[PDB]
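For reference, the chain that follows is the form deposited in one PDB entry, supplied as structure tokens.
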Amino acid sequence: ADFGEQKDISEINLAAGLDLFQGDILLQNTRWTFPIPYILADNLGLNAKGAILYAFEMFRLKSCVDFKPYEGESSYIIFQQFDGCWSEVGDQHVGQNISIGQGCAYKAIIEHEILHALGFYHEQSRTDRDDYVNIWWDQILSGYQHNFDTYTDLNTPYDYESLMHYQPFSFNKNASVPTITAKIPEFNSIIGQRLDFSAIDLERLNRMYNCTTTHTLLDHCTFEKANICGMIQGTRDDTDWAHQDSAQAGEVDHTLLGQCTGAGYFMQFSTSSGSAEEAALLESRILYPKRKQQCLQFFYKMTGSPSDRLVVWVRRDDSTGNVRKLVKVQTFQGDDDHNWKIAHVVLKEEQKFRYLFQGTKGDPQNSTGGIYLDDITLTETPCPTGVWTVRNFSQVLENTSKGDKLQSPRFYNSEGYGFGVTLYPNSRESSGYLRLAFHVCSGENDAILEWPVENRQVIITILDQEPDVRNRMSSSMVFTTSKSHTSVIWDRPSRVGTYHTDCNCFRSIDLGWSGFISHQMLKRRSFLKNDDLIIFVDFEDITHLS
């Protein structure tokens, strides 16, 4: 089924019958002291609470903005489920209300409302607007012309990619003719995006609040500089990892994939010579975690022996102040797929540490290759519960007919529920878009688990593949499993699901979004880097927010 098709704030508030300033602004110093105190109100639905907390994580992962639960502070933000989506711009000193209505529970919409509370206003309302966009007054609904009036000093250009900008179809009298068009033609496909903060959105936010760091980013490494991101090579090992440069025919670095000469560097450990169980260590610089859980993401390839082994280790403080204690975290091993692969590893370091990669030779004679590393990042966040790579996605998008589908591997959540994803690359329901939809899977735990599965938030994300989290605009969508999903869709998959021979399992009816992303949006940015599509999934209980 379709859950709910995505809608912009202008259409939501128009359907709710509001007449707010610039659509979502209530008018009745202006800069906040971090952390901003918040109250999640009783009337605010369970999905909305979880989505607001997920939006606060995005702020702590891209900015120095921070939020705390209320304790009797003077100024605060109270989040409620009144009519429409709206916010009061800037600190009001006595507290302010942010409204997240029905159909308003989306990362990009909540980020937009929080940016109003931080004191930002829409981009088409800047005095310089007329130089960058056309406003088609003859296409606006009568009485709504004031929503296009012009109304600071952060010294930045006009941002067509801004999370604050209105869509081409804002307040239209006709559904086919836009009220806004860009004076640079390419941007008619871009204006009014609902993915993430733009780069300029973050630069303005940083200039406004004196930010130069991020609460939940520890490290990243593309290996493009000569000092290799402060990583070092030990001597309690047999050999060394080489810093190769994409020059050799048929070898290309993940960061650039051969788009530039001389640039594009990866770490390599060769396995085609010497003796078995020879190894090499690559070790990070010392890191000081602020939270008790971290996620290490990286890209790798293994063209060598099936007996070769990439292993991730941590070295941590021995409790005297010396980072010398080892823990083995994770092991990776090869198969017939010689393309680049993505890996995620959970770390739980409460004290200072260094993350380590060990490459190991297996049978050197049955090896004609090596272990390859690029594009690391380390964030003070959970890892994605499931990850699905779809290969040759451009070829899939040309070959699949409307209503054909792909299905993921079966994943498992921390509670033990099985889940997966259904992808229709060519939608029948929205022509020119993907449909991504969630399904629950039968698994070995089904007998002890509660049914139907309810109060469990699903987050689906299409990864932007850019190595620095600040620069990423990953498309994201959220729902909470509910009793109201009937055709309850979330009952035990043996009773309400269809058996499939690929997973050897039952899979539920799919629920999610037609029009998750357009084909045009996937063909830009870094969503289809290497012609690989990467989808992330979480399936997490939010009943503790009740």
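In this text, rigid core is short for the largest set of C-alphas that superpose within 1.5 Å between two forms. The first residue of the sequence shown is number 1, and the count goes up from there.
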| item | value |
| --- | --- |
| Deposited but uncoordinated residues in the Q28/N29 interval | 4 to 9 |
| Count class of deposited residues lacking coordinates, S487 to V488 | 4 to 9 |
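There is another form of the same protein, the form deposited in another entry; it is not shown, and what comes next is about it.
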property	result
Sole residue of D138, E444, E398, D131 shifting 2 angstroms or more in CA between the shown form and the other one, core aligned	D138
Core fit, then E186 C-alpha moves 2 Å or more between the shown form and the other one	yes
